[PDB]
Each structure stands twice: as structure tokens, then as C-alpha cells.
């Protein structure tokens, strides 16, 4: 195992640790796509965790600075300030695929702003945050998952990412409230007669379901439109992308089965993941 193999193995472990949902999916990819996804995931995990988990703002500027170094001087040796093993992997990727650095910067800005957190007044603000935190990961992942880096491909990847974040939000309502976040819209909450602090304390009411279901329909419709345009990805990536997406669509059915609980984080079991993949691969 070489120096660089070790760097990507560290990234793998980070994703194995943090992505209960998607680690299983990514490791189905061919060796070179797989390794790139690990590195990107690890860069993204480190970004999201910098403040929220490590409570470390300087580590976030350090991550930005490391990425900036890679963008300007992809072939030099850098004394990376944040996590050396990840940044070296990311640099390795960037020598072989072209990376939309601006997408890492958008994610960084969103993560920064997600401290002075202010409830979205409008859904358009909520969707803007879905772009910031997930659409950009979609964009960053595009050259790894497709040989066609055209607008259609960036577009489908961006929309897929954005729809997964919405399901994410739909899974995490109660947990986010515990950490003092409501991602549902002030407008949409005022419309549906819903206060999250109240259904947390008293239990799921019919107003809440209507509202939750309003949003799940947005995410299910966008998922379906992504699926129709899946041939935009490479042939080996398609079944996996479809897996990762059908896993999240399964999350919604779990929330539904748990009567929309706000007091427990639902999940898809590993065994049900393989069932899904078996079903998907039949088409392929």
C-alpha cells in the first residue's frame, strides 16, 4: 500500500464513519471513481463538521486555504494546514479530473453562514440553502460520475443533491429542532398552522403531516425528474446513483411508517440496501 493509497483509505474510513446512508453505495463504484468520491466526501464532511462538530472556525478557513492552494498550484508540494491526508487525496483527484472549486467555496460560505442561522422566510430561501449545502456537492461530483461535463449533467447532479437535502431535512425535523434549527419555511409554517416547538412537545398532528407531505411531494417529484435523466451519468455510475437516490426515497417511507416521529432518527438497514440494489441491477 503506497503513500497515496493510505490517504484515500483515510478518506474511505471518514465516509464509512459518517455516511450510514451512502458509504455502501459509493463502494460499489469502480476503483477510480470510488477513490475520488471518498476524497470529495471527506473534504465535504470536514467542512460541515468544522464548526458544527469541532466548533472550529479557523479550521474552516484552513480548509478554504488548502483548496485555494490546490486550485492555483495543482502540481506543487503544499504544507496543507487542515487535514493533510484528505487534502493530498483531493489534490490527487484534481490532477486527473477537473474540479469546480467554486462549488467547494459556495459550500464553505453556506456552512459559515449556517452559524448566524436565521429561519428562512420563504421556500426560495430554503431551496437556496439546499443548493448551498448539497447542490454544490452534486456539481463537484459531476466530472467523477460522468464523461460528459455539459450543462445537462451539472444540472441533473445539482437537482439530485438538492432533492436529497430536502429528504434529509424531512428525516431530521426533530433532531434539527433539538439543535435549534427549523428548516421548514416561515411562510409555509404560517400557512399550514404549524409550530415545530409545539408538535415536538405534544406529538404529530394532522396539520404537521399535511406540511411534511407538502415537502415530500416536492422532493419525490424532483427525484422522478432526475431519474429520467440518469443516462447523463457514466454507465457504471448509473446503477449506484440510482441506488443512493432510492435509499433516500426509502427514508421517506420510513418516516411515514414511524408516523412522522420527531423523537427518533429513522434509517434504511444494510440488508434492505442490497434488496434495492438487486432490484435496480435487474434493469441493468
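Numbering follows the first chain given and starts at 1.
- According to the PDB record, 111-119 carries the higher mean C-alpha B-factor of the two stretches 68-76 and 111-119.
- Between 187-195 and 166-174, it is 187-195 that carries the larger average Cα temperature factor according to the deposited entry.
- By the numbers in the PDB entry, the CA B factor is greatest at 51 among 63, 36, 44, 51.
- When the CA B factors of the chain's modelled residues are split into thirds, the value for residue 181 lands in the highest one.
- Sort the modelled residues of the chain by CA B factor and residue 231 lands in the lowest third.
- Residue-level temperature factors show residue 83 in the lowest third of its chain, judged at the C-alpha atom.
- Sorting the modelled residues of the chain by their CA temperature factor places residue 255 in the lowest third.
- Split the chain's modelled residues into thirds by C-alpha temperature factor. Residue 237 is in the middle one.
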